[PDB]
Amino acid sequence: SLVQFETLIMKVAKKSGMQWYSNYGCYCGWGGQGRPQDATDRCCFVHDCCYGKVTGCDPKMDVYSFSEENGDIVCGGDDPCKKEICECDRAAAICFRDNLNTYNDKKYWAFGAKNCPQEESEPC
């Protein structure tokens, strides 16, 4: 679920997804259009694409299970579809952590739609 995604971001990236990634660039936040603007933005683009490929369950409300072992986030459960949702969120959380070096809210927060033309929308 999205609440779990927020949890993973805070666990892995040690940041609040709501407060740092809810309206960044063209893709960080609900939906998206145009070109991913930077590393962080592409992380979001990929996450959106990942959710878009999940069939059989709901990435927004379904709850998945995970544990922490060998210093990582391990997605589990007996439901392959829910495990897939967890993998999407896990990958995005790590991506945000790994690209904190270039995170730039001053340039990319509330970027604007004109800067994210529908004609430049990169396909998954």
Side-chain angles (χ1 to χ4, degrees), residues 1-52 54-68 70-113 115-124:
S1 63
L2 297 180
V3 55
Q4 291 182 297
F5 181 36
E6 177 69 32
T7 295
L8 291 199
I9 295 307
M10 228 306 203
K11 275 171 159 284
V12 179
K14 295 174 201 188
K15 298 290 192 301
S16 166
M18 192 77 355
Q19 230 90 194
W20 298 41
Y21 304 102
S22 62
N23 186 31
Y24 183 109
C26 296
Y27 291 91
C28 296
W30 200 268
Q33 49 186 55
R35 300 177 185 159
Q37 300 297 305
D38 71 350
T40 290
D41 201 14
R42 181 163 292 280
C43 291
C44 297
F45 170 70
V46 171
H47 185 261
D48 281 356
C49 292
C50 198
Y51 267 24
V54 180
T55 60
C57 56
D58 178 18
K60 184 208 175 192
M61 292 302 254
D62 289 335
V63 183
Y64 52 72
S65 81
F66 61 94
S67 59
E68 344 207 51
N70 287 322
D72 194 10
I73 289 73
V74 181
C75 294
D78 66 355
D79 186 315
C81 193
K82 297 189 184 186
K83 181 180 181 300
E84 185 168 23
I85 295 165
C86 177
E87 295 295 341
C88 288
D89 292 354
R90 167 179 177 290
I94 293 166
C95 191
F96 295 148
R97 179 198 68 186
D98 288 0
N99 291 287
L100 277 159
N101 44 179
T102 57
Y103 180 93
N104 194 336
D105 61 301
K106 282 293 163 55
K107 185 178 203 300
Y108 300 112
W109 190 272
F111 206 49
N115 273 321
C116 306
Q118 198 66 257
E119 320 94 85
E120 297 184 357
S121 291
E122 188 178 315
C124 294

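Positions are given from 1, in the same order as the sequence printed here.
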Can you hop from [X] to [Y] via hydrophobic side chains spaced under 4.5 Å?
X   : Y   : result
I94 : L2  : yes
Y27 : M18 : no
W30 : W20 : yes

**Fill in**
Between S65 and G77, the two heavy atoms sitting closest are OG-N, 3.3 Å
**Request:** Could you tell me which non-hydrogen atom of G25 sits nearest to which non-hydrogen atom of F111, and how far apart they are?
**Result:**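 Answer, listing the atom of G25 first, then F111: O-CB, 3.8 Å.
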Note, [X] side chain near [Y] side chain (heavy atom, < 4.5 Å):
X    : Y   : answer
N115 : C26 : no
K11  : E68 : yes
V54  : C57 : yes
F96  : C44 : yes

**Asked** Going through the distances and angles, do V63 and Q4 end up as a side-chain contact (heavy atoms from CB on, under 4.5 Å)?
**Response** CA-CA 8 Å; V63 183; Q4 291 182 297; 3.4 Å; yes
**Message:** Listing request: all salt bridge (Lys or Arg N to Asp or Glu O under 4.0 Å) pairs with a residue in residues 21-37, at least two apart in sequence or in separate chains.
**Reply:**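 For residues 21-37, and leaving out neighbouring residues, the salt bridge (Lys or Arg N to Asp or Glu O under 4.0 Å) pairs sorted by first residue read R35-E120.
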**Request:** Sequence neighbours left out, what pairs pass side-chain hydrogen bond (donor to acceptor under 3.5 Å, both in side chains) with at least one residue falling in residues 102-112?
**Result:** none
**Asked** With sequence neighbours left out, which residue pairs that include part of residues 88-101 fulfil the side-chain hydrogen bond (donor to acceptor under 3.5 Å, both in side chains) condition?
**Response**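 Non-adjacent pairs meeting side-chain hydrogen bond (donor to acceptor under 3.5 Å, both in side chains): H47-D89, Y51-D89, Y64-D89, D72-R90.
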What's the separation between atom [atom1] in [X] and atom [atom2] in [Y], rounded to the nearest 0.5 Å?
X   : Y   : atom1 : atom2 : answer
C28 : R42 : SG    : CZ    : 11.5 Å
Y21 : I9  : OH    : CD1   : 7.0 Å
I85 : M61 : CD1   : CE    : 12.0 Å
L8  : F5  : CG    : CZ    : 8.0 Å
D58 : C81 : CG    : SG    : 9.0 Å
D41 : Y24 : CG    : OH    : 7.5 Å

**Complete:** Applying salt bridge (charged side-chain N to carboxylate O under 4.0 Å, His left out) to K15 and not counting sequence neighbours gives none
**Message:** Tell me every residue that passes salt bridge (charged side-chain N to carboxylate O under 4.0 Å, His left out) with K60, counting only those two or more places apart in sequence or in another chain.
**Reply:**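 Result, salt bridge (charged side-chain N to carboxylate O under 4.0 Å, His left out) vs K60: none returned.
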**Prompt:** Between the side chain of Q33 and the main-chain N/O of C116, is any donor-acceptor distance below 3.5 Å?
**Reply:**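 Yes; at least one donor-acceptor contact below 3.5 Å.
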**Prompt:** Is a side-chain N or O of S121 found less than 3.5 angstrom from the main chain of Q118, in a donor-acceptor match?
**Reply:**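 Side chain of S121 to backbone of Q118: a pair is present.
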**Asked** Can you list the residues that meet the side-chain hydrogen bond (donor to acceptor under 3.5 Å, both in side chains) rule with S16, with sequence neighbours excluded?
**Response**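 Partners of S16 under the side-chain hydrogen bond (donor to acceptor under 3.5 Å, both in side chains) test: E6.
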